[PDB]
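Worksheet: one structure, shown below.
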């Protein structure tokens, strides 16, 4: 059975999808603000599930997960969500955590709370790692600044208008990708407005964690990301001791949409890099 | 776990959510075109789960269910989806099947294939029972007509305009209904465009089933439904020997959205009445 749920520390049910090879390295996918476990694209999901035990999570308040009334500003709830998924799957080591945008912050809340015992590597895709004034890891782009707080309203007129401030930032050039462009706008619309707001009504700084991670981390980030400034990825690269970076020239916030083959290729190479094969060649 | 899946006759996974007491009467909820198990609204789903073993299904191609390339024009697939969910839950008798819009057609496909041995009653909410030219039980309204083929387009601009306009017939007001309006619109947009098209590109008639049905069926339909014309429900009421009906004056296609309390009440009473 592919679709499952785990109960976090506050009693929130967190829905997730497990696909791929049972024997393979666990790859946990954490999506971004006002999206879902369906954002990644069918081709990306199919390709990653070939080698990995693929675990695609619906963040609290998103997708099919429970939407509690409060607690979105508590790092311990986010941490408990990832811990609970990992435990339900019996994952105690070697996991790869991948986070898009807000997913990066979820990973950091989790690593801040549990350390790196269960984890061999992480991938930060157009990710924030902090939120708040002066947080270089939390630097948003112009599109996101026009989109908020109108994108948080329950008023459809305002929410539709505001979310169009994103333009094509999620997809890049949208030709031939209309279904995906529709679906991404859709997930944001069906994310409860109160959840959309609660996610950014918080502050947390994680630079001290970044400087002390003992795991390899790939920073994968569009140079033209108008949602999360590429400066945030560059900051993570600068602070993380075992960082690797791939900056996609001309790419916006959705590299997995703009070039699903390249995205899969870069993630597979990263994960394979964590063994002893590179040493051999 | 509340969230689950069942494997249909063609290998399609059908995701569904179970809530409420496992000893209650099973109530299967089957949503409409381009929607999902989340359409019904939190209060409606909480109130129904207070009394029933609530089974909220994502149709094939919708929500989190698999989306096969083809087969949406084959009644035996839809029938297997419903059988597979029932089997997975151990329901062999006494189920209530509730169908919103296209969900009515899914129910009829299932009943024709399988009979009513597992089923005590049905509810047809703004429902079609047939589809295609000349089927009085598939009579579509002005909002549905205007929405095609824009709502089937790969092109975002075209689909967003068509489905945005379409969504207003689902909510009615929409003053007071902003979040649901957004969410219904979002579920339609996130439904793959090829699935939106596939569902519509078929023909099947069930008048012979309806006039022969051996279960009580409630017809619950807005008089100003502009998605599925009220005449479709008036037609089903006429054919079904043990029909009951409730025509909500001034209501469009979404009664559970327009008046969640009334919707739950009318459903409870019908189900209670099965005695």
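Protein chains in written order, with the working numbering: chain A, 1 to 281; chain B, 282 to 556.
Quick reminder that beta carbons are idealized off the backbone N, C-alpha and C, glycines included.
Check, Outcome
"Contacting residues, own chain, Cβ-Cβ under 8 Å from residue 95 of chain A (five flanking each side not counted)", "25, 26, 27, 28, 86, 118, 119, 120"
"CB contact check: residue 226 of chain A to chain C, cutoff 8 Å", "The structure shown contains no chain C; the protein chains it does contain are A and B."
"Residue 500 of chain B beta carbon less than 8 Å from that of residue 421 of chain B", "no"
"Chain B contact residues for residue 181 of chain A, given Cβ-Cβ distances below 7 Å", "437"
"Interface partners of residue 467 of chain B on chain A, CB under 9 Å", "185, 186, 187, 188, 189, 190, 191"
"Where the alpha helix (DSSP H) containing residue 324 of chain B begins and where it ends", "323-332"
"Pick from B:288, B:489, B:406, B:355 that is closest to residue 503 of chain B, judged by C-alpha positions", "B:406"
"Chain A contact for residue 296 of chain B (CB, 8 Å cutoff)", "yes"
"Residue 64 of chain A - DSSP class collapsed to helix/strand/coil", "coil"
"Nonlocal neighbours in the same chain, by C-beta distance under 8 Å from residue 153 of chain A, ignoring five residues either side", "159, 162, 193"
"Backbone secondary structure at residue 248 of chain A - three-state DSSP", "strand"
"Interface residues of chain A facing residue 430 of chain B [CB-CB closer than 7 Å]", "Correct list: empty, because the minimum Cβ distance to chain A is about 14 Å."
"Candidates A:185, A:74, A:230, of which the one nearest residue 38 of chain A by Cα", "A:185"
"Contact with chain A by residue 425 of chain B, beta-carbon distance below 8 Å", "no"
"Spatial neighbours of residue 196 of chain A in its chain, beta-carbon cut-off 6 Å, leaving aside the 5 residues before and after", "34, 152"
"Close beta carbons around residue 291 of chain B, own chain, < 8 Å, minus the five adjacent residues each side", "349, 352, 358, 361"
"Secondary structure of residue 215 of chain A, DSSP reduced to three states", "coil"
"Length of the line joining the Cα atoms of residue 325 of chain B and residue 488 of chain B", "30 Å"
"Proximal residues of chain B, C-beta to C-beta of residue 118 of chain A below 8 Å", "Ordered by position in chain B, no residue passes the 8 Å Cβ test against residue 118 of chain A, which lies about 22 Å from the chain."
"Cutoff 8 Å: residue 341 of chain B Cβ touching any chain A Cβ", "no"
"At least three beta-carbon pairs within less than 8 Å, the stretch 263-271 of chain A to the stretch 166-176 of chain A", "no"
"Delimiting residues of the alpha helix (DSSP H) encompassing residue 468 of chain B", "459-471"
"Close Cβ partners of residue 458 of chain B (< 8 Å) along its chain, the five nearest in sequence each way excluded", "452, 538"
"Proximity below 8 Å, CB of residue 298 of chain B to CB of residue 337 of chain B", "yes"
"Residues from the stretch 285-316 of chain B in contact with chain A, defined by Cβ distance under 9 Å", "285, 286, 294, 296, 298"
"Beta-carbon neighbours of residue 1 of chain A, restricted to chain B and to distances below 8 Å", "285, 286"
"Backbone CA spacing between residue 430 of chain B and residue 260 of chain A [nearest angstrom]", "29 Å"
"Straight-line gap, residue 296 of chain B to residue 271 of chain A (C-alpha atoms, nearest Å)", "31 Å"
"Pair within 8 Å by beta-carbon distance, residue 99 of chain A and residue 30 of chain A", "yes"
"Nearest candidate by alpha-carbon position, reference residue 233 of chain A, set A:214, A:215, A:253", "A:253"
"Helix, strand or coil at residue 222 of chain A [DSSP, three-state]", "strand"
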